[PDB]
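Protein chains in written order, with full-length UniProt numbering: chain A, 3053 to 3461, 3465 to 3955; chain B, 3053 to 3461, 3465 to 3955. We put the beta carbon where it would ideally sit given N, CA and C, even for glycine. The next block holds one structure in the form of structure tokens; read it before the comments.
Number of protein chains: 2
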Amino acid sequence: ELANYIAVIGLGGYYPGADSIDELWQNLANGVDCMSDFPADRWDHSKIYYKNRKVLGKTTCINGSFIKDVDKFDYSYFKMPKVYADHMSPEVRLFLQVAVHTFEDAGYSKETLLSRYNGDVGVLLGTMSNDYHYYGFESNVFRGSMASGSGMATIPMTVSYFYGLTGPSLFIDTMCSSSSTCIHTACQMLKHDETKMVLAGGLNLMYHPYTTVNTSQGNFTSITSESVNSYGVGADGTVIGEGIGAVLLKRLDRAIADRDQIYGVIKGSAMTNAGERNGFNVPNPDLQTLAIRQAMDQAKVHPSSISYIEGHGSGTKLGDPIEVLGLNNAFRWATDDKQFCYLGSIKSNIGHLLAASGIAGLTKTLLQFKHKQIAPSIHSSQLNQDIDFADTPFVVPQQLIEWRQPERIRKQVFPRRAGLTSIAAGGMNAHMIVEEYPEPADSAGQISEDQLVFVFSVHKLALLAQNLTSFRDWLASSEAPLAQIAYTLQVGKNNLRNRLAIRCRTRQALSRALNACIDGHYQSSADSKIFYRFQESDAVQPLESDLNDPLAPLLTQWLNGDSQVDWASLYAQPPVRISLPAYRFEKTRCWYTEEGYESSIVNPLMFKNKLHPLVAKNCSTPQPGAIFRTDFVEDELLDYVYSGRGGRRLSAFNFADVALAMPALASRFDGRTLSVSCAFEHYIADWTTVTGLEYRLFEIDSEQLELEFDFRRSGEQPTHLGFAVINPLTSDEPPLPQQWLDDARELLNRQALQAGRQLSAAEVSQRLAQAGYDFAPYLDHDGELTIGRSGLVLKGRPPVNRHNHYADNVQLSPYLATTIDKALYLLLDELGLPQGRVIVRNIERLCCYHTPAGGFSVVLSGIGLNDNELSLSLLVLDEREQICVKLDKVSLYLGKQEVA
Amino acid sequence: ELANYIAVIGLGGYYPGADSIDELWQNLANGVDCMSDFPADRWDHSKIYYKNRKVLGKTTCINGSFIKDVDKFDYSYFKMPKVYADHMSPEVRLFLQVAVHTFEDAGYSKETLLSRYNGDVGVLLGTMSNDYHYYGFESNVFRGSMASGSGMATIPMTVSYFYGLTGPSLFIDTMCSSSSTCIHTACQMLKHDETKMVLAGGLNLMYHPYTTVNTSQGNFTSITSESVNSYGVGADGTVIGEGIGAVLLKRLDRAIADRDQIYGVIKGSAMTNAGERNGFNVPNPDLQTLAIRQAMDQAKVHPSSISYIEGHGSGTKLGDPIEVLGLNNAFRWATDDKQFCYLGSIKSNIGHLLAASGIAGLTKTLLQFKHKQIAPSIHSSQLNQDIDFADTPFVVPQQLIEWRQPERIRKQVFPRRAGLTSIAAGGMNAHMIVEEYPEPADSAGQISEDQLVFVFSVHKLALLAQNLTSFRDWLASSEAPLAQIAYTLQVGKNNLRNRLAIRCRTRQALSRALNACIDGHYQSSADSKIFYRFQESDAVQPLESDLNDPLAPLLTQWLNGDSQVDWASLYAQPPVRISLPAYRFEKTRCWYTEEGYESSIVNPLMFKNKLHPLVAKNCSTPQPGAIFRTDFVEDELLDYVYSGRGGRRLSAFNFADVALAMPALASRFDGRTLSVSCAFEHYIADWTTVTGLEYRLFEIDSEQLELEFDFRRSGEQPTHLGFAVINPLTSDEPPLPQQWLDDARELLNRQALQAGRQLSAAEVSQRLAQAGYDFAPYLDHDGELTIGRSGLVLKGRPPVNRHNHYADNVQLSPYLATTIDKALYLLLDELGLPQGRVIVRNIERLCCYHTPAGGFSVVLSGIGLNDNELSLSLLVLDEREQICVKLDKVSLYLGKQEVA
């Protein structure tokens, strides 16, 4: 019956790429992919992102949907100190703002809630992520600091406290079905008179990088898809998105009597759980079809009537076919008709908002009701091949289309009906049935045009023009009756200290009066009388008393600050509430940390407690010389350590990088190009057993440093690995030998002529794979290999995402050092040693002029095979043909097995 | 009229100091204060505790109530890999165990839930803290490691998934009223047939030190009380405790029909929120009274009928009078009688369990119903003086008393009725009414005594004897009918793989049969036939089929593994369920970290990234000599930095501690007592301006080190602060001068005879306070001061809780160094310089023989005043009156004004 149903009288929230719900609709209607890359303001995602989950601590999330102003909060509006606002989680902060938008969207101000319900309004919401506490916790890991974050129940109770709501303030978490449960629970409390209204809501936010890491390790997000292709090309998972949704639910009969803006009518709501299963997340359409039919039976709606289904649309390859199968089953029992219902998902636009998925989906459906249009379900141009949509009621919309009331069945004009599906993890299948409620014919109400006052209030004057500008822009496009605007402003917008009243009888006067107010003039014109009290500035433009005008007292009370003003008395019939533009809050950054704060998740202490990735500590005794030690742990050195046939390998040239970083750690040779001459006495066949490298730096002269670096195994004493000599390059250094360029330049030019032998990156990877090399750890990218008459060139494009993004003293990068091993091995293969192991004895006069930025070309020329030694001159040419690393002679050691 | 009541058919949980709910009752009945100090297994609380909240990052929580086996989980029972068990939060793990206890306590096994409800059982729970994720996060702060913890919804859904429950699985968080709202929500769903049973529950756990840090900063826990004096002497706050509660709620009509163990009947439930208020936590007795009336009005119970009130009893001085005032108002409206109801709180026994406060309180009330006794509300022998209990219905019980049926108004024998009050943070004033359900006369049922089979199952055989031992011990004391035991074992205990059946006739037969099974003997005796099938060992002792016996088919089905065995057919009347001993799980440590893991919260990186609290890094160039630098930040050096009149001061003797620790940092002078001769060239009047200390250690000889320590201000260049010469003492050390002992021994003896001048610690504190000294940071503890003819003695007892508990190279502790400043000042005052500032120029031949542990006595002898110089020999005797620090000459600088 009418009283059984629950009407969504208000609707607001912060959704990606939408400054307001009207902006959200324009995005959905135009099919805007609000999915976006992680912004630099929060964190540099390139520092935490890796392509797959094998590298631990990184995130496989390529992108997402992000709501702007996650760190902005109007603590002054909500009567909170900034110190406490900073330490309050953004879930609490931003849901208060969404709470205001939802309550104001319904035309219910704090005064009206107290006036009419004494705050008997519930606030139910859910979120899977409240990760603000990490900020305070992480600081406490270093230095005792105030704990950050708020109790996860603080989100609804903060809304209840600010509004003084005496209804339930519950935090329900059912993971992805939080909003669906909160709306479902909200309905039950409203059907049973437990509450007058409920602010059902939900919110998912991604403002701490650990949220991406935790989400990535859940193995439920895509690692290749930048978008949620709902019912399109499937993916291994969904793509998470940000969003804060809130729908103000009131019993339908109340709303009609209260003359509220019924966005829609929730006739049915079914929750079905999987039960016994061989896995926590085991999709079962039989449970989906039961939920779909349970809601429809509860809503008493035939399947033929449903003309929209806001399906889960997670974009998963397996999930989507199952979802349509569940919906298809729930519809075939009644109708054999095909392609009459429209199946879409907001996830196609803004991704999987998790706890806000249901609220976000309902928001899409309600806006479609309001605009009588079915927004396109984007990213479904190429429909899923596992779904036969020609054999289902569902045609996934690709263009914005008017939502005709179905004429089918008989020939009856059923009202617009929709279904919200929430296939959440744990089998928590849910379904809702939403109908449009027809707009009352007498929505404008009745009020003498003289008694029309448009009342605007802000809590700071800096926001007055911003707020009035928003209203003026909306008023320009709005065709709503002036009485509706007046009433909603009067009984819908929170009465704030700075107040403004425009007494005008026509819309043009209101626009003209506003434009003066934005300009700060406030003069009372012939067509508009402007009164205001700016309690912030104690500036008054009062209203001359008139005994005849009923608006004189009410307006005098409102200006003077009386929160309870009986505005309804001015109206013979109270106008229905409408959706005025949302209050424009002050965008004050309320964050625990500073703007440039890179969390230790981005730069784990295995990186930022090291002077160099291979030189961790400086354990130097008072004796002459500097001693550094590093606790060699492979997981902390993934950029460096790769796998070969003998065992776990590490480029000998990484120790030329150490030599180049040493003068900085000795506070010597400031800003001078260095020449390094490394000689290795020992070869570590398997680096798995190496538990630490010990470095000893000395000063032979004023322009030379000797580095003797050793390695420790488990229990064994240190073993001498090699020694490096670091000498600066002067202005008198000779230019590079000409024949070396002649051979080097010929090798690169040979690629243009396609002479000699050339191997593609895939061929090189296959060629190196046969050798037993596994460069999975940030070293797998190979480049085109040219092999000329006097050497070979091996391209290399360092990955955008390396393991260690903190190090600033890595000049000969581990990728380049490994790319050199690839080049040297690929050279050893040509000479007839497919299984030969590279043994770098000498790196004689290595010189890196400027730190590489992009791709490079390792040129190995001047190859000579003496007795048990292979000598070659090595260059590393940037993509701009310039020499970046010059190396006169790499001397390799070839054993009897190789040569003989 | 009983269809609107909810019967608590099951009750289980892990409460402090209680291996079982029966043991919990014994604790409550005997008035056992289960409050205890934080165990060493989790963390060393002395490392994180501070007396007040001024020191940040520490916890003011002195103690709490802790449940044993927080890290133990039976992952094999719940079909989980240990990796999943380790990384899943203890809330999920332990509540999943409490779920089994609650379901088995109700006599519902997973099979009976599926057999009779298809799992249409709900699981609602709430917890204010889920702090497992920190373990994974903190590891990710250092090294990329797989994330820990579970979503807060994973607690109810994991129970739902394991048991295959199709009902609601919600996580409701209303902070301290989580259990009250979960039970209240459970009642609503059960009234409206939305579920067959609901496992209302809640849990608070403290297994990560940051939980205490976060709790301490909430400013809602006592910083001086070891206990929660519910309705006794108040405190500034409550004392949090651990606990996992769960009540299996079913409608009264169904429970009677199902013949369940109705612990109590929730007749009424009311929740009233505060609304408008001048503060989030603003107590309002009027709204408490409304909740009490609402529950009583809902339950149709006159106030005179209630004979117990399980009030909040948080022990707060403000809260308790308000609570009793609220309850007094709710009762004095009808009855003017005084001292007829009994007011208690489980918090007095186990503290404030936050989310489990309501469930814990209900558990107490339900146990009192079963045992018909009102357990004492301990810690209330001295009733709160702000409460007039003579003018109140409530007498806070002090001893265990029988709960006689109230014969009040007319004169009628009312049933045992109790009230549960939950005053949670915010305004969540919730009240509940619980009545006793009479035990049915025909509880034993009717089963032919030859058809008695006692069926025991375990998922491991190692637990079989442990489980049977528990049952045998319980069976020895239990008078319950054999049929009740048989039925509950049959339809109440999960049918685990290893199965045992004792087909006995009498209770003594069962005990003899059991004792054989505990001993490993399973031979069928004359009075008992034992049958079993063990999947773990594939060991079978089947039963010869008897077509006449109707128990042969059911028993064969059970032994063969058939989960669905129709045991009820054996009973002419199904016996009522009883509470068998809880399943004894396997105590496998499933923890993310290893034993002894001190979280960075305990040892923040400001401590364990420092080689010495004042010597942080080793930024040493290859040149001769070792260079150390420290980023001087006062908050990271609270142990060291105190306040004086000029500014923020630091003991010059702290730099003798550095000298004693550098030979270790030079890898020199191993195990040798060192002699330090510090000479300070500059005095830092205010240490607030110091931004870093730079140390330089040199090697004058093979048995001597030269230390030059500097300090840099904000922007200024380094300034020479002093130089220390560190020598090793040899076996040829001369004995200490005798006249020094004469003065040293003489000064100490004066305290015994109260000779000379003696000042108590309070007098010393006042004396130093007048000088402007504020040793607030771990330096305020003063000791008795003795003043003799030839010096003064200043006792000092280092606080148990210092700032830096990681440092192991602090030998001359900052407290002892500061104590010397107190001793030296008190010497300056003696000479007539109350405003004199200590300028320690030389610390000559300082020698700390052994690192002190406890209290000490700074003896200042041989005082001599020269031109602008005060010389005095300083000892530091320990509590055993043996020299610990020797110091030949402290040389102070006195300005011309000081001298005259």
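Endpoints, alpha helix (DSSP H) assigned at residue i
| i | result |
| --- | --- |
| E3075(A) | 3073-3081 |
| residue 3462(A) | Residue numbering in chain A jumps from 3461 to 3465; residue 3462(A), which lies between, is not modelled. |
| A3714(A) | 3709-3720 |
Local conformation of residue i per DSSP, three classes
| i | result |
| --- | --- |
| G3378(A) | helix |
| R3345(B) | helix |
| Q3794(B) | helix |
| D3933(B) | strand |
| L3108(B) | coil |
| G3680(A) | coil |
| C3645(A) | coil |
Outcome for residue i when other beta-carbon atoms lying within 10 angstroms are tallied against a minimum of 16
| i | result |
| --- | --- |
| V3468(A) | exposed |
| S3397(B) | buried |
| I3478(B) | buried |
| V3299(B) | buried |
| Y3057(B) | buried |
| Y3102(B) | buried |
| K3162(B) | buried |
| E3362(A) | buried |
| residue 3044(B) | In the structure as shown, chain B starts at 3053 and stops at 3955, and residue 3044(B) therefore has no counterpart that could be examined. |
| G3203(B) | buried |
Residue i to residue j span [Cα, whole Å]
| i | j | result |
| --- | --- | --- |
| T3524(A) | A3517(A) | 12 Å |
| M3087(B) | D3933(B) | 34 Å |
| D3172(A) | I3656(B) | 42 Å |
| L3606(B) | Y3067(B) | 39 Å |
| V3865(B) | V3713(B) | 8 Å |
| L3537(B) | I3318(B) | 30 Å |
| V3510(B) | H3486(A) | 43 Å |
| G3327(B) | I3224(B) | 20 Å |
| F3586(A) | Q3506(A) | 14 Å |
Residue range of the unbroken beta strand (DSSP E) whose run includes residue i
| i | result |
| --- | --- |
| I3296(B) | 3295-3303 |
| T3841(A) | 3840-3843 |
| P3470(A) | Per DSSP, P3470(A) belongs to no beta strand (DSSP E) and is neither H nor E. |
Among the options, the one whose alpha carbon lies nearest that of residue i
| i | options | result |
| --- | --- | --- |
| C3903(B) | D3089(B), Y3127(B), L3871(B) | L3871(B) |
| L3063(A) | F3118(A), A3637(A), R3471(A), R3562(A) | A3637(A) |
| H3236(A) | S3282(A), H3185(A), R3303(A) | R3303(A) |
| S3232(A) | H3364(A), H3139(A), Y3315(A), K3248(A) | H3364(A) |
| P3629(B) | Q3313(B), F3911(B), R3684(B) | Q3313(B) |
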